[PDB]
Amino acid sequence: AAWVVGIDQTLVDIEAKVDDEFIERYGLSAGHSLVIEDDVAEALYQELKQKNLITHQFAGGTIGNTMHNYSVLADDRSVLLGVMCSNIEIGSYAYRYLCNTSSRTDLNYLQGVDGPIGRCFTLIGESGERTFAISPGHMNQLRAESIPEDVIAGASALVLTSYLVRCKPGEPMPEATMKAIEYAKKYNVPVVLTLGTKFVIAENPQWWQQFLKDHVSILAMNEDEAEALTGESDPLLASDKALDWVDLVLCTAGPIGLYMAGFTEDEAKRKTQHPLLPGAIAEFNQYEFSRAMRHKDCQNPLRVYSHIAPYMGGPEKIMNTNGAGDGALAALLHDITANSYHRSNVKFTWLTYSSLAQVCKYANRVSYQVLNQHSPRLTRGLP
């Protein structure tokens, strides 16, 4: 009855640990996600195989990962829009993508293409920095016609990544994304945007601010992406600034924990039972126990905030940080879809089922689980 829908560039992650000389030889920069040309991708790939450097291969992609993790956490249906090879051979990257993907992530609406899916070479340097080298293939060949209106109509949210606007001139993926947003507005489905790297956002932060104003209900980002978007180095102030443009903000801050900022109907606010925290906004967590509402659904919207430290107190061992923030987003999507199911099975129009503080606690536990494994994709739910 309730489900979430996402658009991704269909990607398999190919992971390898490499030298600093490896990153330079293929024109990459540490900590970036960069699209590379086909001839560079082949030389890079051939060298990884030649030197037996590939450590893992698995379905990837920001939104693929997030829909996968949602369905693992909720054991409920998500729908992934994107491309898939029209003829899949055994053992191919497309074959692996299907096998790797969560059983409850519906892949029946992927659009056939006459070329390969994307490859993300996830390169870990000696210093521990992570770099993504993207060989797109046909991953940006999703057409607007292939966007099922009915799937978006019944969805609790439409989930997007900023990477979807990055493509070669004339490819249809940006147009397909805007068609899905059109449908979301038609059916009052909240649009979720997660940001992809500070460097990309920094290319044109003002364009992204206007995009958020125009189309986005829920924003997810880490503190560096937030600084690139808003100019605020303080995650709390960056989140508050972004509330000028969206309804609800998830801003993760690594070892500091994570922040949520949103709106609630002033009449319905709920004060916290935790000590009031100091910050750039004094006592910002005063109404942490409130549930989130879209701004338009409030007569007297009150801004509310929450912060929660990592599930992991102290410097407990991190196996691999890749994907931790997107895991926090998957927890939020679970709470939002739970609210949709509880509404159909029936006052104030809520956005989340739980309070900001409760959603933050859940997101923190999910992030921890992702930190304790190599993949950005969970394959079992929380204990």
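The first residue of the shown sequence is 1; numbering continues from there.
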query	finding
Length class of the unmodelled deposited segment, which would lie between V346 and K347	4 to 9
Residue range whose averaged C-alpha B-factor is higher in the record, 158-166 or 266-274	266-274
Segment of higher mean CA temperature factor, 21-29 or 8-16	21-29
Top Cα B factor in the deposited entry, candidates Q209, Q299, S102, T197	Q299
Residue, from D214, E232, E171, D106, that the PDB entry assigns the highest Cα B-factor	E171
Relative C-alpha B-factor of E225, binned into the chain's lowest, middle or highest third	lowest
Entry-reported Cα temperature factor of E182, expressed as the chain third it lands in	middle
For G128, the third of its chain into which the C-alpha B factor falls	highest
Position of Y259 among the chain's modelled residues by C-alpha B-factor, lowest, middle or highest third	lowest
Chain third (lowest, middle, highest) by recorded CA B-factor, residue given as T62	lowest
